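Structure record follows, encoded as C-alpha cells.
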Amino acid sequence: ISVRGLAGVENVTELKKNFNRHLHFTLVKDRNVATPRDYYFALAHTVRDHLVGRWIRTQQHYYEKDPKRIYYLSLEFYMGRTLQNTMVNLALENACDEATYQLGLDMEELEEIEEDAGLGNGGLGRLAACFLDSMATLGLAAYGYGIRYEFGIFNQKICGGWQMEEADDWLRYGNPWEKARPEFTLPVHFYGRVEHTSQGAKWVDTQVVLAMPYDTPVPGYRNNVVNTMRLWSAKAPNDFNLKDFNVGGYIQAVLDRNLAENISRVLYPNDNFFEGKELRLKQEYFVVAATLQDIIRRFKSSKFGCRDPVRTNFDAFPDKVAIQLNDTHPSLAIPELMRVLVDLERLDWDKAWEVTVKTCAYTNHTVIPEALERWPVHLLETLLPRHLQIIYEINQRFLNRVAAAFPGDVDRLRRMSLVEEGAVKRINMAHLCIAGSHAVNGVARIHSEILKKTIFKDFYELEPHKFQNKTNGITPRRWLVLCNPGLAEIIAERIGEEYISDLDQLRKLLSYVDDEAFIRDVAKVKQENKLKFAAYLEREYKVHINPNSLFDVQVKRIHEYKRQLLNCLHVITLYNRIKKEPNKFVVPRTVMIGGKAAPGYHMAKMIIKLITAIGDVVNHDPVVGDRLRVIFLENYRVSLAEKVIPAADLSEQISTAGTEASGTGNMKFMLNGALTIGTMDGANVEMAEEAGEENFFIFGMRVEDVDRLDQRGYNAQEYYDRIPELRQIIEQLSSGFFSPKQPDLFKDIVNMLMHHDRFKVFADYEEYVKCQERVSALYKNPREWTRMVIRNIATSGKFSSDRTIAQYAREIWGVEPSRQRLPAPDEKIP
Ligand SMILES: O=C(N[C@@H](Cc1ccc(F)cc1)C(=O)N1CCC(O)CC1)c1cc2cc(Cl)ccc2[nH]1
Ligand SMILES: *Cc1c(COP(=O)(O)O)cnc(C)c1O
C-alpha cells in the first residue's frame with residue numbers, strides 16, 4: 001500500500017478490538033447509531049492509547065537522567081490536526097488503515113473530521129509546531145509553553161466576495177489529545193502596588209488569576225520519545241472572585257468570573273502587526289508568570305532537590321535550563337525571572353542578572369516597524385508595577401555600559417534605550433530582549449545581516465558575539481510523508497527511508513535527474529495530487545477547474561508586503577492579452593490565492609475582494625474559456641495547506657526584497673515538487689543558492705535596489721507613464737471594469753498604489769511578468785520542467801527543521817541532539 005509501516009496480523013486484530021472497546025465504553029455508542037464523528041473519536045482514542053506508555057517513560061527518563069531542559073516560550077503553536085501525524089511518527093498508518101478498512105470504514109473520511117488546532121496566525125506559530133516535532137525527533141528534553149485559547153484563529157468565510165469572520169470553537173466536541181492537569185494549577189498576579197520594606201521590595205495587593213495546565217503529547221519520529229507541550233488556561237479563584245464582600249450581588253459575583261478567565265479566551269488574529277491592548281499584555285504576562293514558576297519548581301527537584309552542593313544554588317540554573325523566546329511576545333520572562341530571583345529567592349542583582357542573561361535567548365521574526373512591540377509605560381505601570389521598576393533598573397545599568405563603551409555618544413544612548421521618549425513613553429521590548437539574552441538570531445541569512453546592519457546596529461557594535469543566524473526549516477514528517485505519501489514513496493523506492501529524519505540524503509536524487517522512469521514517476525504523483533485537489537475543490541466548494549493547466553498558487557496571510565496585489569496585476573495582464581489576441585495560444589493556468597486578513601486590516605480585506613472580483617470577470621468570459629481561472633482559496637489553514645502544496649506547480653514568493661524575514665511556505669513548496677518564482681528575499685536566497693539560480697525563477701529588485709530607489713524617492717507615476725499595459729490595468733480598476741455596480745469600490749487600492757505604496761509594487765511589475773513568461777515557456781516542455789523540479793526537491797534537504805534545531809541546540813542551548821530510539825514502549829507498571 002506504501003511504506004506507512006507494516007500491517008501486522010496481530011496488531012490489526014488488536015487495533016480492531018480496541019476501536020470497538022472505545023466506541024462502546026468511551027463513546028457509549030453502538031454500530032447502529034454511531035456517526036462518522038463517533039468513529040473518528042474511537043480511532044483517536046485507540047491511537048492515543050499507544051503513546052501513553054511512551055509518554056510516561058520519556059518523562060520518567062528525563063527525570064532519572066536529568067539533562068538540561070529546553071523551554072520554548074511562544075504565544076502561538078499552529079498545530080493543525082494530530083491523528084495522522086501521531087500514526088506517522090508511530091508507524092501505525094498502514095495498520096490503522098487496514099483495521100478500519102476491515103471494520104468497513106474509510107480512514108481518510110474519518111481524518112477529515114478532526115478539527116485543526118489553530119492556535120497561531122501563520123509563520124511564527126507554525127515554526128514553533130515544526131520545532132516541537134524536531135526537538136522530539138532529535139531526542140531533546142524540550143517543552144513547549146503557551147496559552148490554551150478556547151478560540152483560535154477565526155474561520156474565514158467569503159460573502160459576496162468579502163471576508164467574514166466567525167469564531168473558531170475548536171473545543172466544541174472535545175479535544176482527545178489534551179490532558180488536563182488540575183493538580184498543577186499555579187497563581188499569577190496582576191495590578192497591586194510595590195512596597196519597599198527593610199529586606200527588599202514586595203509586590204502587594206494583587207488580583208489573582210489561576211493558571212491550569214493542559215498537556216499535549218509530542219511524539220518523536222519512530223524513536224519512542226514523547227515530549228510535552230504545556231498550555232495554560234485561565235481559571236478564577238473561587239474565593240476573592242466572590243469573597244471580596246460588601247454588596248454587589250451573589251449571582252453577579254459568580255457571573256463576573258468570566259473576566260479573569262477572558263485571559264485565555266481568544267487568540268489575537270494579527271500577523272506581523274502590533275496592537276497594544278491590555279488584554280494582550282495580560283496574556284503575555286500570564287504565560288510568562290506561570291511557565292517560570294513551573295520551570296523553577298522542576299529545577300528545585302532535579303538532582304539538587306536531593307543533594308548536590310546542597311543550598312539552592314541558582315549558579316547551575318543556566319546549566320540545567322534554557323528558555324527560548326519566540327519573538328518579543330514572552331519578553332516579560334526577563335524582568336519576571338529577575339523579580340523571582342531577586343525579590344523571592346533573594347539573590348543579589350548581579351548574580352540574578354548573570355543567571356538571566358545566561359538562560360535566555362531571543363529570536364527576531366520581522367523588521368517591519370508596525371510589528372514591533374512598544375508597550376505604553378502607563379499600561380505596565382498599572383498592570384505590572386514591579387516589572388516596570390525592574391525594567392527601569394535594567395535600562396539604567398545597560399545605558400551605563402553603553403556610555404562607558406562609547407564615551408560622549410549621547411545620541412547612541414537615546415537610540416539604544418529600552419525606554420522610548422515622545423508622545424507617550426513606551427518600552428521597546430526588542431531592546432529589552434537583546435539586553436537580557438545571551439543570543440539574538442535572525443531566521444534567514446539575509447534577515448540576520450539586515451539586523452546587524454540596520455535595526456540593531458548599535459547593539460551589534462556593543463556586543464557582536466550575541467548575534468547569530470538560524471535559518472528556518474519545516475518538518476519533513478508533516479510536510480512530506482503525511483501530506484505527500486506518493487512522492488515520499490517513489491523517493492524511498494530509490495534511496496531508502498532514512499531521509500525522513502536526515503533530509504540531506506535527498507541529494508542522492510540528483511543522479512536520477514536523467515532517469516526516464518523517475519522523471520515519469522515524479523510527474524505522475526504531481527498529476528495525481530492535482531487531480532485529487534481539483535476533485536476536492538468541486539466536492540467541498542463547487543465550481544470546476546482544469547487539472548491540465550499550470551497550478552499557480554500563492555497561499556499565506558494577506559499582507560501588503562507579501563504583494564498579493566502584484567500577483568493580481570499579472571492575472572489582469574494575462575486576461576487583457578487574451579482578450580487582445582483571443583485565438584492565440586497560451587499556457588493554461590489556474591491561479592489560486594488564499595489566506596486570511598486580520599479583521600481590522602482594511603487594505604488586506606480590500607485585496608481579498610479584489611481577488612474575488614477579478615475571478616468574477618475572468619471566470620465568466622466565454623472568450624477566455626478554460627485558459628485562465630482565478631480562484632480564491634477559502635479558510636486557508638494548516639490542514640488546507642497539506643492539500644494545496646502537494647498539488648502546486650508554481651509557488652509564489654514575491655514579497656518586496658528585505659521585508660519577509662525568512663518565510664516557510666516557500667520551503668514547503670520546494671520539497672513537494674513545485675518550481676519557485678520569487679524575489680531575492682528571506683530564505684528564497686538560500687534556496688536558489690542550494691538549487692542553483694538556473695533552477696529558480698528569480699526576478700525584481702534586490703535589497704540594494706530598494707534602498708537606491710528610496711534614496712532617490714519612489715514615484716509610482718513614472719512606471720504608470722512608461723508602461724501602457726500597467727496604465728491600462730489601473731484605468732480598468734478606476735473606471736469600475738471590475739466592480740460595475742460600484743465603480744469607485746477600489747479607489748482605495750488605486751490611490752495607495754499611486755501615492756503611498758510602501759512596497760513598490762509597480763517597480764517590480766515589468767520584471768515580474770517577463771519572468772512569468774519564462775515559466776510558461778518551460779511548462780510547455782513537460783520533460784524539462786520535471787527535471788528542474790527534481791533539482792529543487794533533491795536540493796531541499798537543508799531546509800528541514802531538524803537542521804535548524806541541531807544548530808540552535810549546538811550553538812545556542814548547549815545540548816547534543818541524538819537519534820537514539822528510546823527503550824521501546826513496553827508495558828511496565830512500577
Ligand atoms: O483527557 C484525558 N483523560 C481524562 C480522564 C477523565 C475523564 C473524566 C473525568 F471526570 C476525569 C478524568 C482527563 O484526565 N480529563 C478529562 C476531561 C476533564 O475535564 C479533566 C480530566 C487524556 C488521557 C490522555 C492520554 C494521552 Cl497519551 C494523551 C492525552 C490524554 N488525555
Ligand atoms: C507554513 C504556513 C504559513 C507560513 O507561510 P509564509 O508563506 O512563510 O508566510 C502560514 N500559514 C500556514 C497555514 C502555514 O502552513
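Ligands are numbered from 1 in the order shown, chains are lettered A, B, ... in the order of the C-alpha cells, and residues start at 1 in each chain.
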
Could you pull out the residues sitting within 10 Å of ligand 2, using only C-alpha atoms and all ligand atoms, and write them as a PDB file with N, CA, C and O atoms, in the first residue's frame?
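The result, stored in selection.pdb:
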```
ATOM      1  N   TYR A  78       0.807  26.721  16.052  1.00  0.00           N
ATOM      2  CA  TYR A  78      -0.097  26.337  14.958  1.00  0.00           C
ATOM      3  C   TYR A  78       0.097  24.846  14.653  1.00  0.00           C
ATOM      4  O   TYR A  78       0.856  24.471  13.758  1.00  0.00           O
ATOM      5  N   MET A  79      -0.612  24.003  15.407  1.00  0.00           N
ATOM      6  CA  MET A  79      -0.509  22.543  15.287  1.00  0.00           C
ATOM      7  C   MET A  79      -1.269  21.787  14.185  1.00  0.00           C
ATOM      8  O   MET A  79      -0.759  20.797  13.666  1.00  0.00           O
ATOM      9  N   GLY A  80      -2.478  22.226  13.841  1.00  0.00           N
ATOM     10  CA  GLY A  80      -3.259  21.525  12.831  1.00  0.00           C
ATOM     11  C   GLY A  80      -3.896  20.276  13.426  1.00  0.00           C
ATOM     12  O   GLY A  80      -4.052  20.202  14.641  1.00  0.00           O
ATOM     13  N   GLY A 118      -5.867  25.411  15.613  1.00  0.00           N
ATOM     14  CA  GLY A 118      -5.386  26.667  15.072  1.00  0.00           C
ATOM     15  C   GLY A 118      -4.974  27.734  16.060  1.00  0.00           C
ATOM     16  O   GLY A 118      -5.478  28.856  16.025  1.00  0.00           O
ATOM     17  N   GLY A 120      -2.541  29.724  16.207  1.00  0.00           N
ATOM     18  CA  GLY A 120      -1.474  30.526  15.622  1.00  0.00           C
ATOM     19  C   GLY A 120      -1.974  31.303  14.428  1.00  0.00           C
ATOM     20  O   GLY A 120      -2.990  30.943  13.838  1.00  0.00           O
ATOM     21  N   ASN A 121      -1.262  32.362  14.054  1.00  0.00           N
ATOM     22  CA  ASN A 121      -1.678  33.187  12.931  1.00  0.00           C
ATOM     23  C   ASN A 121      -1.087  32.744  11.619  1.00  0.00           C
ATOM     24  O   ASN A 121      -1.759  32.759  10.599  1.00  0.00           O
ATOM     25  N   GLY A 122       0.185  32.373  11.652  1.00  0.00           N
ATOM     26  CA  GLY A 122       0.853  31.944  10.442  1.00  0.00           C
ATOM     27  C   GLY A 122       2.260  31.414  10.617  1.00  0.00           C
ATOM     28  O   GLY A 122       2.481  30.409  11.294  1.00  0.00           O
ATOM     29  N   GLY A 123       3.219  32.104  10.006  1.00  0.00           N
ATOM     30  CA  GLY A 123       4.604  31.668  10.046  1.00  0.00           C
ATOM     31  C   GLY A 123       5.231  31.406  11.401  1.00  0.00           C
ATOM     32  O   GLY A 123       5.871  30.375  11.615  1.00  0.00           O
ATOM     33  N   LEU A 124       5.067  32.359  12.308  1.00  0.00           N
ATOM     34  CA  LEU A 124       5.623  32.279  13.655  1.00  0.00           C
ATOM     35  C   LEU A 124       5.036  31.087  14.426  1.00  0.00           C
ATOM     36  O   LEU A 124       5.760  30.336  15.087  1.00  0.00           O
ATOM     37  N   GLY A 125       3.722  30.909  14.329  1.00  0.00           N
ATOM     38  CA  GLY A 125       3.081  29.811  15.026  1.00  0.00           C
ATOM     39  C   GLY A 125       3.379  28.421  14.497  1.00  0.00           C
ATOM     40  O   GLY A 125       3.474  27.474  15.271  1.00  0.00           O
ATOM     41  N   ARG A 126       3.504  28.294  13.178  1.00  0.00           N
ATOM     42  CA  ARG A 126       3.777  27.009  12.542  1.00  0.00           C
ATOM     43  C   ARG A 126       5.219  26.620  12.803  1.00  0.00           C
ATOM     44  O   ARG A 126       5.528  25.441  12.937  1.00  0.00           O
ATOM     45  N   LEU A 127       6.104  27.606  12.902  1.00  0.00           N
ATOM     46  CA  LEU A 127       7.508  27.307  13.133  1.00  0.00           C
ATOM     47  C   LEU A 127       7.686  26.620  14.471  1.00  0.00           C
ATOM     48  O   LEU A 127       8.438  25.658  14.583  1.00  0.00           O
ATOM     49  N   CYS A 130       6.646  23.017  14.204  1.00  0.00           N
ATOM     50  CA  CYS A 130       7.643  22.235  13.480  1.00  0.00           C
ATOM     51  C   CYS A 130       8.837  21.982  14.395  1.00  0.00           C
ATOM     52  O   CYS A 130       9.416  20.898  14.412  1.00  0.00           O
ATOM     53  N   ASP A 271      -1.098  39.235  12.272  1.00  0.00           N
ATOM     54  CA  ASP A 271       0.099  38.627  11.733  1.00  0.00           C
ATOM     55  C   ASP A 271       0.996  39.797  11.376  1.00  0.00           C
ATOM     56  O   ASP A 271       0.588  40.692  10.643  1.00  0.00           O
ATOM     57  N   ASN A 272       2.202  39.816  11.928  1.00  0.00           N
ATOM     58  CA  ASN A 272       3.160  40.885  11.656  1.00  0.00           C
ATOM     59  C   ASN A 272       2.589  42.281  11.893  1.00  0.00           C
ATOM     60  O   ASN A 272       2.805  43.199  11.099  1.00  0.00           O
ATOM     61  N   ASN A 472      15.324  29.229   9.191  1.00  0.00           N
ATOM     62  CA  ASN A 472      14.154  28.409   9.492  1.00  0.00           C
ATOM     63  C   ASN A 472      14.148  27.122   8.696  1.00  0.00           C
ATOM     64  O   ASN A 472      14.951  26.923   7.782  1.00  0.00           O
ATOM     65  N   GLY A 473      13.210  26.257   9.046  1.00  0.00           N
ATOM     66  CA  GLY A 473      13.068  24.978   8.384  1.00  0.00           C
ATOM     67  C   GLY A 473      11.684  24.459   8.694  1.00  0.00           C
ATOM     68  O   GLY A 473      10.982  25.009   9.542  1.00  0.00           O
ATOM     69  N   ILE A 474      11.288  23.409   7.991  1.00  0.00           N
ATOM     70  CA  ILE A 474       9.987  22.785   8.174  1.00  0.00           C
ATOM     71  C   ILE A 474      10.253  21.315   8.499  1.00  0.00           C
ATOM     72  O   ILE A 474      11.349  20.808   8.243  1.00  0.00           O
ATOM     73  N   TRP A 479       5.260  17.768   6.443  1.00  0.00           N
ATOM     74  CA  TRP A 479       5.341  18.415   5.146  1.00  0.00           C
ATOM     75  C   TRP A 479       5.832  17.598   3.947  1.00  0.00           C
ATOM     76  O   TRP A 479       6.128  18.156   2.891  1.00  0.00           O
ATOM     77  N   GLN A 554      -0.427  31.032  -4.581  1.00  0.00           N
ATOM     78  CA  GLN A 554       0.155  31.927  -3.596  1.00  0.00           C
ATOM     79  C   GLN A 554      -0.730  31.852  -2.364  1.00  0.00           C
ATOM     80  O   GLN A 554      -1.802  32.459  -2.338  1.00  0.00           O
ATOM     81  N   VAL A 555      -0.299  31.107  -1.352  1.00  0.00           N
ATOM     82  CA  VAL A 555      -1.089  30.991  -0.138  1.00  0.00           C
ATOM     83  C   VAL A 555      -0.259  31.413   1.073  1.00  0.00           C
ATOM     84  O   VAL A 555       0.850  30.926   1.285  1.00  0.00           O
ATOM     85  N   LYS A 556      -0.813  32.334   1.853  1.00  0.00           N
ATOM     86  CA  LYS A 556      -0.165  32.860   3.050  1.00  0.00           C
ATOM     87  C   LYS A 556      -1.065  33.980   3.552  1.00  0.00           C
ATOM     88  O   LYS A 556      -2.024  34.351   2.871  1.00  0.00           O
ATOM     89  N   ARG A 557      -0.762  34.533   4.719  1.00  0.00           N
ATOM     90  CA  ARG A 557      -1.597  35.596   5.236  1.00  0.00           C
ATOM     91  C   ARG A 557      -1.577  36.768   4.267  1.00  0.00           C
ATOM     92  O   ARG A 557      -0.557  37.031   3.623  1.00  0.00           O
ATOM     93  N   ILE A 558      -2.710  37.455   4.162  1.00  0.00           N
ATOM     94  CA  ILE A 558      -2.825  38.585   3.264  1.00  0.00           C
ATOM     95  C   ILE A 558      -2.133  39.830   3.861  1.00  0.00           C
ATOM     96  O   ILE A 558      -2.543  40.312   4.912  1.00  0.00           O
ATOM     97  N   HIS A 559      -1.093  40.332   3.186  1.00  0.00           N
ATOM     98  CA  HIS A 559      -0.291  41.475   3.635  1.00  0.00           C
ATOM     99  C   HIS A 559       0.126  42.283   2.431  1.00  0.00           C
ATOM    100  O   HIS A 559       0.343  41.700   1.362  1.00  0.00           O
ATOM    101  N   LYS A 562       3.560  41.184   1.243  1.00  0.00           N
ATOM    102  CA  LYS A 562       3.628  39.898   0.552  1.00  0.00           C
ATOM    103  C   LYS A 562       3.216  40.077  -0.897  1.00  0.00           C
ATOM    104  O   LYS A 562       3.362  39.170  -1.701  1.00  0.00           O
ATOM    105  N   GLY A 594      -4.835  32.290  -1.627  1.00  0.00           N
ATOM    106  CA  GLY A 594      -5.535  32.053  -0.382  1.00  0.00           C
ATOM    107  C   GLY A 594      -4.855  32.694   0.815  1.00  0.00           C
ATOM    108  O   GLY A 594      -3.658  33.009   0.787  1.00  0.00           O
ATOM    109  N   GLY A 595      -5.627  32.889   1.881  1.00  0.00           N
ATOM    110  CA  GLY A 595      -5.071  33.477   3.081  1.00  0.00           C
ATOM    111  C   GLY A 595      -6.081  34.312   3.830  1.00  0.00           C
ATOM    112  O   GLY A 595      -7.073  34.767   3.258  1.00  0.00           O
ATOM    113  N   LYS A 596      -5.824  34.518   5.119  1.00  0.00           N
ATOM    114  CA  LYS A 596      -6.711  35.308   5.964  1.00  0.00           C
ATOM    115  C   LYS A 596      -6.176  36.710   6.210  1.00  0.00           C
ATOM    116  O   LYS A 596      -4.970  36.922   6.290  1.00  0.00           O
ATOM    117  N   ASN A 635     -10.685  29.992   3.791  1.00  0.00           N
ATOM    118  CA  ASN A 635     -10.216  29.458   5.070  1.00  0.00           C
ATOM    119  C   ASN A 635      -8.854  28.755   5.044  1.00  0.00           C
ATOM    120  O   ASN A 635      -8.725  27.625   5.510  1.00  0.00           O
ATOM    121  N   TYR A 636      -7.838  29.424   4.523  1.00  0.00           N
ATOM    122  CA  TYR A 636      -6.516  28.829   4.472  1.00  0.00           C
ATOM    123  C   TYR A 636      -5.967  28.565   5.863  1.00  0.00           C
ATOM    124  O   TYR A 636      -5.822  29.479   6.687  1.00  0.00           O
ATOM    125  N   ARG A 637      -5.641  27.306   6.108  1.00  0.00           N
ATOM    126  CA  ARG A 637      -5.122  26.885   7.391  1.00  0.00           C
ATOM    127  C   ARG A 637      -4.183  25.719   7.136  1.00  0.00           C
ATOM    128  O   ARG A 637      -4.038  25.284   6.001  1.00  0.00           O
ATOM    129  N   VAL A 638      -3.561  25.212   8.199  1.00  0.00           N
ATOM    130  CA  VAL A 638      -2.622  24.101   8.106  1.00  0.00           C
ATOM    131  C   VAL A 638      -3.181  22.879   7.369  1.00  0.00           C
ATOM    132  O   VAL A 638      -2.533  22.351   6.466  1.00  0.00           O
ATOM    133  N   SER A 639      -4.365  22.416   7.748  1.00  0.00           N
ATOM    134  CA  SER A 639      -4.937  21.254   7.076  1.00  0.00           C
ATOM    135  C   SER A 639      -5.163  21.510   5.585  1.00  0.00           C
ATOM    136  O   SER A 639      -4.997  20.602   4.782  1.00  0.00           O
ATOM    137  N   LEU A 640      -5.545  22.731   5.214  1.00  0.00           N
ATOM    138  CA  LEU A 640      -5.778  23.031   3.805  1.00  0.00           C
ATOM    139  C   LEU A 640      -4.438  23.141   3.089  1.00  0.00           C
ATOM    140  O   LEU A 640      -4.313  22.817   1.913  1.00  0.00           O
ATOM    141  N   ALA A 641      -3.420  23.582   3.814  1.00  0.00           N
ATOM    142  CA  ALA A 641      -2.102  23.718   3.222  1.00  0.00           C
ATOM    143  C   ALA A 641      -1.552  22.344   2.848  1.00  0.00           C
ATOM    144  O   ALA A 641      -0.850  22.195   1.852  1.00  0.00           O
ATOM    145  N   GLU A 642      -1.882  21.335   3.642  1.00  0.00           N
ATOM    146  CA  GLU A 642      -1.429  19.982   3.365  1.00  0.00           C
ATOM    147  C   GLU A 642      -2.036  19.448   2.065  1.00  0.00           C
ATOM    148  O   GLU A 642      -1.533  18.482   1.494  1.00  0.00           O
ATOM    149  N   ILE A 645      -0.417  22.521  -1.347  1.00  0.00           N
ATOM    150  CA  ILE A 645       1.010  22.472  -1.602  1.00  0.00           C
ATOM    151  C   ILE A 645       1.458  21.288  -2.447  1.00  0.00           C
ATOM    152  O   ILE A 645       2.180  21.467  -3.428  1.00  0.00           O
ATOM    153  N   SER A 651       5.032  28.123  -7.085  1.00  0.00           N
ATOM    154  CA  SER A 651       4.930  28.689  -5.743  1.00  0.00           C
ATOM    155  C   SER A 651       5.278  30.173  -5.838  1.00  0.00           C
ATOM    156  O   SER A 651       6.353  30.518  -6.316  1.00  0.00           O
ATOM    157  N   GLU A 652       4.379  31.048  -5.392  1.00  0.00           N
ATOM    158  CA  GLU A 652       4.611  32.497  -5.461  1.00  0.00           C
ATOM    159  C   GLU A 652       5.140  33.096  -4.158  1.00  0.00           C
ATOM    160  O   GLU A 652       4.410  33.172  -3.165  1.00  0.00           O
ATOM    161  N   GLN A 653       6.407  33.514  -4.174  1.00  0.00           N
ATOM    162  CA  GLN A 653       7.077  34.130  -3.021  1.00  0.00           C
ATOM    163  C   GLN A 653       7.608  35.486  -3.495  1.00  0.00           C
ATOM    164  O   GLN A 653       8.814  35.698  -3.591  1.00  0.00           O
ATOM    165  N   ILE A 654       6.692  36.408  -3.757  1.00  0.00           N
ATOM    166  CA  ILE A 654       7.023  37.710  -4.319  1.00  0.00           C
ATOM    167  C   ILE A 654       7.029  38.949  -3.421  1.00  0.00           C
ATOM    168  O   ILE A 654       6.682  40.044  -3.870  1.00  0.00           O
ATOM    169  N   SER A 655       7.430  38.788  -2.166  1.00  0.00           N
ATOM    170  CA  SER A 655       7.487  39.909  -1.238  1.00  0.00           C
ATOM    171  C   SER A 655       8.554  40.878  -1.723  1.00  0.00           C
ATOM    172  O   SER A 655       9.440  40.494  -2.480  1.00  0.00           O
ATOM    173  N   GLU A 660      10.338  40.104   3.958  1.00  0.00           N
ATOM    174  CA  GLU A 660       9.979  38.794   4.514  1.00  0.00           C
ATOM    175  C   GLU A 660      11.231  38.220   5.183  1.00  0.00           C
ATOM    176  O   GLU A 660      12.166  37.805   4.508  1.00  0.00           O
ATOM    177  N   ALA A 661      11.251  38.203   6.514  1.00  0.00           N
ATOM    178  CA  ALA A 661      12.411  37.707   7.260  1.00  0.00           C
ATOM    179  C   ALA A 661      12.973  36.405   6.700  1.00  0.00           C
ATOM    180  O   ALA A 661      14.165  36.312   6.395  1.00  0.00           O
ATOM    181  N   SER A 662      12.107  35.406   6.562  1.00  0.00           N
ATOM    182  CA  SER A 662      12.508  34.113   6.029  1.00  0.00           C
ATOM    183  C   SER A 662      11.446  33.485   5.141  1.00  0.00           C
ATOM    184  O   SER A 662      11.658  33.293   3.944  1.00  0.00           O
ATOM    185  N   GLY A 663      10.297  33.181   5.744  1.00  0.00           N
ATOM    186  CA  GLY A 663       9.214  32.534   5.029  1.00  0.00           C
ATOM    187  C   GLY A 663       9.411  31.040   5.222  1.00  0.00           C
ATOM    188  O   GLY A 663      10.548  30.599   5.375  1.00  0.00           O
ATOM    189  N   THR A 664       8.332  30.263   5.271  1.00  0.00           N
ATOM    190  CA  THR A 664       8.450  28.807   5.419  1.00  0.00           C
ATOM    191  C   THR A 664       7.572  28.084   4.405  1.00  0.00           C
ATOM    192  O   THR A 664       7.777  26.902   4.128  1.00  0.00           O
ATOM    193  N   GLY A 665       6.588  28.790   3.855  1.00  0.00           N
ATOM    194  CA  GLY A 665       5.742  28.171   2.854  1.00  0.00           C
ATOM    195  C   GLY A 665       6.604  27.889   1.636  1.00  0.00           C
ATOM    196  O   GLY A 665       6.415  26.898   0.924  1.00  0.00           O
ATOM    197  N   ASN A 666       7.583  28.764   1.407  1.00  0.00           N
ATOM    198  CA  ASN A 666       8.474  28.617   0.267  1.00  0.00           C
ATOM    199  C   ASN A 666       9.206  27.284   0.299  1.00  0.00           C
ATOM    200  O   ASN A 666       9.415  26.653  -0.736  1.00  0.00           O
ATOM    201  N   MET A 667       9.580  26.857   1.503  1.00  0.00           N
ATOM    202  CA  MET A 667      10.286  25.600   1.698  1.00  0.00           C
ATOM    203  C   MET A 667       9.329  24.427   1.545  1.00  0.00           C
ATOM    204  O   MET A 667       9.706  23.374   1.042  1.00  0.00           O
ATOM    205  N   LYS A 668       8.091  24.596   1.986  1.00  0.00           N
ATOM    206  CA  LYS A 668       7.134  23.514   1.849  1.00  0.00           C
ATOM    207  C   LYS A 668       6.924  23.184   0.362  1.00  0.00           C
ATOM    208  O   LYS A 668       6.866  22.013  -0.021  1.00  0.00           O
ATOM    209  N   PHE A 669       6.820  24.218  -0.474  1.00  0.00           N
ATOM    210  CA  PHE A 669       6.611  24.028  -1.914  1.00  0.00           C
ATOM    211  C   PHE A 669       7.810  23.373  -2.596  1.00  0.00           C
ATOM    212  O   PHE A 669       7.650  22.518  -3.457  1.00  0.00           O
ATOM    213  N   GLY A 682      14.387  36.990   2.121  1.00  0.00           N
ATOM    214  CA  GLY A 682      14.392  35.940   3.126  1.00  0.00           C
ATOM    215  C   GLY A 682      15.109  34.664   2.728  1.00  0.00           C
ATOM    216  O   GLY A 682      16.201  34.717   2.166  1.00  0.00           O
ATOM    217  N   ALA A 683      14.496  33.518   3.013  1.00  0.00           N
ATOM    218  CA  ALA A 683      15.115  32.226   2.701  1.00  0.00           C
ATOM    219  C   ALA A 683      15.209  31.933   1.211  1.00  0.00           C
ATOM    220  O   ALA A 683      15.957  31.038   0.807  1.00  0.00           O
TER     221      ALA A 683
END
```

*All residues within 9 Å of ligand 1 are required, counting only C-alpha atoms and all ligand atoms; please report them as a ChimeraX atom specification.*
/A:45,47-56,174-182,214-217

*Pick out the closest residue to residue A:431 from this set: A:373, A:183, A:827, A:343. Count only C-alpha atoms.*
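Distance minimum relative to residue A:431 lands on A:373.
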
_as a list in words, please: every residue in stretch 235-440 of chain A that a backbone DSSP assignment puts in strand (DSSP E)._
residues 235, 321, 322, 323, 324, 325, 326, 360, 361, 362, 363, 374, 375, 376, 419, 420, 426, 427, 428 and 440 of chain A

Using only C-alpha atoms, which residues of stretch 724-801 of chain A come within 12 Å of stretch 614-630 of chain A, and what is the closest atom pair for each, with the distance in Å to one decimal? Give it as CSV, sorted by chain and residue number.
```
residue,atom,partner,partner_atom,distance
A:729,CA,A:614,CA,11.5
A:732,CA,A:614,CA,11.0
A:733,CA,A:614,CA,10.0
A:736,CA,A:614,CA,11.4
A:737,CA,A:617,CA,8.8
A:738,CA,A:614,CA,6.4
A:739,CA,A:614,CA,9.0
A:740,CA,A:617,CA,10.4
A:746,CA,A:614,CA,11.7
```

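Computed from the coordinates, the atom CA of residue A:212 to atom CA of residue A:379 distance equals 25.5 Å.
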
If you count only C-alpha atoms, which residues fall within 7 Å of residue A:680, apart from same-chain ones fewer than 5 positions away, as a PDB file with N, CA, C and O atoms, in the first residue's frame?
```
ATOM      1  N   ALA A 657      11.866  42.805  -1.679  1.00  0.00           N
ATOM      2  CA  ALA A 657      13.172  42.464  -1.108  1.00  0.00           C
ATOM      3  C   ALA A 657      13.463  43.156   0.227  1.00  0.00           C
ATOM      4  O   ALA A 657      13.412  44.383   0.328  1.00  0.00           O
ATOM      5  N   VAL A 685      16.707  33.365  -0.994  1.00  0.00           N
ATOM      6  CA  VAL A 685      18.092  33.488  -1.392  1.00  0.00           C
ATOM      7  C   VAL A 685      18.853  32.187  -1.181  1.00  0.00           C
ATOM      8  O   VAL A 685      19.554  31.726  -2.081  1.00  0.00           O
ATOM      9  N   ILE A 698      14.027  33.729 -10.385  1.00  0.00           N
ATOM     10  CA  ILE A 698      14.237  34.961  -9.627  1.00  0.00           C
ATOM     11  C   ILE A 698      14.015  36.190 -10.488  1.00  0.00           C
ATOM     12  O   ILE A 698      14.346  36.190 -11.664  1.00  0.00           O
ATOM     13  N   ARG A 702      16.695  43.832  -5.710  1.00  0.00           N
ATOM     14  CA  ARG A 702      17.381  43.165  -4.615  1.00  0.00           C
ATOM     15  C   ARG A 702      17.359  44.224  -3.517  1.00  0.00           C
ATOM     16  O   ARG A 702      17.079  45.385  -3.790  1.00  0.00           O
TER      17      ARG A 702
END
```

*Between A:257, A:803, A:16, A:787, which is the closest to residue A:513 once you count only C-alpha atoms?*
A:787

*Determine, counting only C-alpha atoms, which protein, DNA and RNA residues have an atom within 10 Å of an atom of residue A:505; residues of the same chain fewer than 5 positions away are not included. Present the result as a ChimeraX atom specification.*
/A:495-500,794-798

*Which of these residues is nearest to residue A:74, using only C-alpha atoms: A:237, A:152, A:330, A:743?*
A:330
